[PDB]
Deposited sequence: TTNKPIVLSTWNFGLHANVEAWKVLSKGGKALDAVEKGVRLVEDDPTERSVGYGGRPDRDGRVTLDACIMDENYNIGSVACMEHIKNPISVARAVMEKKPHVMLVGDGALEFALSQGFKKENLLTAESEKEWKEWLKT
C-alpha cells in the first residue's frame, strides 16, 4: 500500500497538494487534507476557476459550487452559492449538520458562522464588463 497519498486536478493541484500534505504527513485525516488543499485555491484571487476571483455568471454574480465526501458515505453539497469564499467548507457543514442551493445555501452558511464577502475581484469585474461588450 502506498499511503498517505493525494491527487488533484490541473497544474494548480501541485501547490494545493503541498497544503494537503501538511495534514497527511502528520497522520491527519483524508477529509481534513482535501478540505485544506482545495481551500488554498478557493482563497487565491488569481485562480479564476475556483472560489474568490472566479469569473462570474453573465449577470456579474460569482456563484460557486462544491461537494465533499468522507470515508463513510457522508456527503455534503452546495451549488450556486454567493458571497462565501470557501464553499467546500459550507459543504462540509452540510454534510456534518445533503445538498443546498442558491439563497438557501447562503442562509445556511451565515447560520454556521461564515461571512459574506465580495467575491468579484476588480480583474474579474473588468473582464466580465469586456465580455458584455461583444
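**Student:** Take the full deposited sequence, match it to the modelled residues, and report the stretches without C-alphas.
**Tutor:** Several regions go unmodelled: 1, 99-101.
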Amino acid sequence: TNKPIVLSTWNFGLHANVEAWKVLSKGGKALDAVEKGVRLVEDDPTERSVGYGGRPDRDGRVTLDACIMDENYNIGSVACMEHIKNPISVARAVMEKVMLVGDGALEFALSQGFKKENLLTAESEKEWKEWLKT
From here on, numbers count along this sequence of modelled residues.
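**Student:** Report the stretch with the higher mean CA temperature factor, choosing between 105-113 and 36-44 on the basis of the entry.
**Tutor:** Looking at the record's C-alpha B-factors, the answer is 105-113.
**Student:** Give the stretch, out of 80-88 and 56-64, with the larger mean C-alpha temperature factor in the deposited entry.
**Tutor:** Here the higher of the two C-alpha B-factor means belongs to 56-64.
**Student:** Thinking about Cα B factors across the chain, which third does residue 9 belong to?
**Tutor:** CA B-factor rank for residue 9: lowest third.
**Student:** Lowest, middle or highest third: where is residue 16 by Cα B-factor in its chain?
**Tutor:** Answer is lowest: the recorded C-alpha B-factor places it there.
**Student:** Using the B-factor values recorded in the entry, state whether the Cα atom of residue 71 falls in the lowest, middle or highest third among the modelled residues of its chain.
**Tutor:** For residue 71, the deposited C-alpha B-factor lands in the middle third.
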